[PDB]
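Trainee: One structure, as structure tokens, below. Some questions next.
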Amino acid sequence: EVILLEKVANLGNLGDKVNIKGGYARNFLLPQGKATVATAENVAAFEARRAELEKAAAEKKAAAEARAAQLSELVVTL
RNA sequence: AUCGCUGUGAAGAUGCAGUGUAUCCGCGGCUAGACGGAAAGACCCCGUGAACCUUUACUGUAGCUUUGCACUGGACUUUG
Ligand SMILES: [Mg+2]
Ligand SMILES: [Mg+2]
Ligand SMILES: [Mg+2]
Numbered sequence: 017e018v019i020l021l022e023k024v025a026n027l028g029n030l031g032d033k034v035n036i037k038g039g040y041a042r043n044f045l046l047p048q049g050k051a052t053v054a055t056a057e058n059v060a061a062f063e064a065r066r067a068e069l070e071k072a073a074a075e076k077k078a079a080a081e082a083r084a085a086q087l088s089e090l091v092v093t094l
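Taken in order, the first sequence gives residues 17 to 94; the numbers are from the working numbering.
Structure follows, in structure tokens:
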């Protein structure tokens with residue numbers, strides 16, 4: 017149904033069309049901005065931003081390298 | 001123009017039949033009768049009458065409750 021935008025799911029893809037439940041798309045993916053409903057209205061806009069999709073995937077996974085080095089420090093004092 | 005008796009009679013007679021009694025008209029009393037007056041009997045039966053109650057009469061329903069399909073998702077699992 018929808019066109020995916022994230023790859024940190026457990027059965028997600030890059031841009032493959034998936035047939036998911038109506039409750040899982042209405043409630044969770046779309047109101048956060050992780051998917052987009054496929055339709056034949058603005059198809060000229062998604063094909064032009066395909067070069068911008070590969071640059072957005074090299075930033076979310078690159079920020080995790082400078083993030084996990086401060087979470088496992090175990091310096092929290094209760 | 002409103003007496004008694006004994007019989008008759010839609011079967012308990014002031015009015016019929018037979019026979020005895022009795023001048024015309026008040027007032028004060030008493031209630032035996034006029035199946036006295038009041039109330040289309042309430043008892044009793046009837047009407048393919050009417051109500052309100054009862055239950056284990058019949059047909060249903062409020063309410064309560066079981067399970068499908070919606071709202072409604074992922075992650076692993078046992079099993080057909
Ligand atoms: Mg007589
Ligand atoms: Mg008379
Ligand atoms: Mg009567």
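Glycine included, every Cβ here is placed at the ideal spot set by N, Cα and C.
Could you tell me the distance, in whole angstroms, from the CA atom of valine 59 to the CA atom of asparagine 43?
Mentor: Position 43 of the first sequence, counted from the start, is the residue given in the question as residue 59. Position 27 of the first sequence, counted from the start, is the residue given in the question as residue 43. Those two C-alpha atoms are separated by around 24 Å.
Trainee: Within 10 angstroms of the Cβ of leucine 45, are there 16 or more other Cβ atoms? Answer buried if so, exposed if not.
Mentor: Taking the first residue of the first sequence as position 1, residue 45 is located at position 29. Buried, because 16 or more other Cβ atoms sit within 10 Å of the Cβ of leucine 45.
Trainee: In whole angstroms, what separates the C-alpha of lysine 71 from that of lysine 77?
Mentor: Locating residue 71 in the first sequence gives position 55, counting from the first residue. Locating residue 77 in the first sequence gives position 61, counting from the first residue. Between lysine 71 and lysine 77, the C-alpha separation is close to 11 Å.
Trainee: So the alpha helix (DSSP H) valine 59 belongs to, where does it begin and stop?
Mentor: Reading the first sequence from its first residue, position 43 is the one you call residue 59. Element bounds for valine 59: 59-64.
Trainee: Roughly how many angstroms separate the alpha carbons of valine 24 and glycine 49, rounded to a whole number?
Mentor: Along the first sequence, read from residue 1 onward, the residue named residue 24 stands at position 8. Along the first sequence, read from residue 1 onward, the residue named residue 49 stands at position 33. Whole-angstrom Cα-Cα distance: 13 Å.
Trainee: State the DSSP-derived secondary structure class of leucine 87, mapped to helix, strand or coil.
Mentor: What you label residue 87 is simply residue 71 of the first sequence in a count that begins at 1. Reduced to three states, the DSSP call for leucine 87 is coil.
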